[PDB]
Amino acid sequence: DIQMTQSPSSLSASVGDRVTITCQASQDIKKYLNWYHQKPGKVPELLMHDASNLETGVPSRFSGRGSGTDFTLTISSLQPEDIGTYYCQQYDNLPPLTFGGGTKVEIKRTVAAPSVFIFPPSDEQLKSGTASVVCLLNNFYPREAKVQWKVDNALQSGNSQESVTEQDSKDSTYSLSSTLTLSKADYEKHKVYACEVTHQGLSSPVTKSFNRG
Amino acid sequence: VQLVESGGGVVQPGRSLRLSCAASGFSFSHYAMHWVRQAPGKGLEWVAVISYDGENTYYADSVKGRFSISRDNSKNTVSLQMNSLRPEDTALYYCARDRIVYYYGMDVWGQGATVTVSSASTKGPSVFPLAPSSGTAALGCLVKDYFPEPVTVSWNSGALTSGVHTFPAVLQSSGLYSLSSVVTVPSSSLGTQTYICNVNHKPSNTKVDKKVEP
């Protein structure tokens, strides 16, 4: 087939920046190249065809160049919603139709400390015989953050799971959830439940807690 | 212009599953139709294409003799019959529109169907409130113990989108998925405004509305 190689694999850039990504074909494809943009959680969107012709409705800050085997996509004024993955695609030959491996785009922004919230398990869940304690870290940057659980001042291990959102398409922040799961019997065996948070935007670790009942 | 997909869900390895895509808002019989798939966190992979009249079909080698693409230009539908499925077939599957100019490109995409190759049984979720308590407050819904992916969560029937974060599901040690959806709201709005999470898990046909109170 015709192998499509994209570069870089991923990048971080600021709002308003001029950014260029590269696509390379294993053999000459003239100008038979498409570019797609896939936002987090969304379907791919055709940005341009014939290497340089913008689809109708596509923002003017996108432009494509190149012919033969070497192509570029340039964003002249990076916007928060431009995050996600960009794919090139050749249509000089089919089958098979081939995509590049994709280039991931992240927004670099100012440091933002997380807002921290803790949620005790619902009475409804306790009826089932399981207790889920949830710690929420909201709208922070950068993505790196640590969450630790403490039950009656005892450090917890192996009984929690974390989930992190993709970067937000508006404010370029991340949100994080940590869920502590215990049996009902274990939950009622202890009084104070706390989650401790460390992050670049925090001078000291932030702790949120509650007492069962 | 719209492409609507259906037929996702669980399928045991070696077994069969059929995906379907319905078109509306354009002359469907004038366009070729692709299927493209995407593994979790991975890139786009072309699967198959069928010509406008259905006379020509092509397949990725990994699915050759395994998948079959077909269309009906009177019912405006394209179908992907998937046989003897493998763990590598677990992915989001898109159907996409195309037209001869050379295939122009895929300018219209379906929302995708999630196919999970597993011997695990389909289970609907339970939804628990994440109650707000003690200028900005946070509340949410815990969507626990379902299979397979995905579930969708909205708030107040979609009227509440600002400040909403629906986290990607995590696979629990039990083999079941769980996620949370949270919203930040003004604290003065508590006990004054109604917050309801709307949870949908199509594989188990489970539809739940949960009012979240302080």
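Convention: sequence-line order gives letters A, B, ...; per-chain numbering from 1.
The 12-atom threshold is exceeded at CD of A:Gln156, counting heavy atoms of other residues, nucleotides or ligands nearer than 6.0 Å. Around the NZ atom of A:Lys170, the shell of radius 6.0 Å holds no more than 12 heavy atoms that belong to other residues, nucleotides or ligands. Sparse packing is recorded around CD of A:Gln200, with 12 or fewer heavy atoms of other residues, nucleotides or ligands lying under 6.0 Å away.
For the residue pair B:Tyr94 and B:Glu5, the shortest heavy atom distance occurs at CA-OE2, 3.4 Å. The two residues B:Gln12 and B:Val117 have their closest heavy-atom pair at C-CG1, 4.4 Å.
The residues A:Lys108 and A:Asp17 are annotated as not salt-bridged, no charged nitrogen and carboxylate oxygen being separated by less than 4.0 angstrom. No salt bridge links A:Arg109 with A:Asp171; every basic N to acidic carboxylate O contact stays at or beyond 4.0 Å. By the 4.0 Å N-to-carboxylate-O rule, A:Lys39 lies too far from A:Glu81 to be salt-bridged with it.
Judged by distance alone, the side chains of B:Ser154 and B:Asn198 do bring a donor and an acceptor atom under 3.5 Å apart. Side chain to side chain, B:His165 and A:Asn139 meet the donor-acceptor criterion of an N or O pair below 3.5 Å.
In this pair, A:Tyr91 and A:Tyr32 present their aromatic rings perpendicular. The plane angle is above 60°, beyond the 30 to 60° band. Relative ring orientation between A:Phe140 and A:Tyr174 is described as tilted, the plane-to-plane angle lying within the 30° to 60° band. Taking the six-membered ring where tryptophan is involved, the planes of A:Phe99 and A:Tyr36 are tilted, since the angle between them lies from 30° to 60°.
Considering OH of A:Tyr86 and CG of A:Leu73, their distance stands at 7.0 Å, rounded to 0.5 Å. Here the CD-OG distance, from B:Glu88 to B:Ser62, works out to 9.0 Å after rounding to the nearest 0.5 Å. B:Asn76 CG to B:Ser24 OG: the interatomic distance, rounded to the nearest 0.5 Å, is 8.5 Å.
Between B:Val143 and B:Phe167 there is no side-chain heavy-atom pair separated by less than 4.5 Å. Side-chain contact between B:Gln172 and A:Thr181 is absent, with no heavy-atom pair separated by less than 4.5 Å. Between B:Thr114 and B:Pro148 there is no side-chain heavy-atom pair separated by less than 4.5 Å.
A donor-acceptor pair is defined here as one N or O able to donate and one able to accept, closer than 3.5 Å; no such pair exists between the side chain of A:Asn53 and the backbone of A:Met48.
The side-chain tip of B:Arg71 points at the ring of B:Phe28 from less than 6.0 angstrom away and within 45° of straight on.
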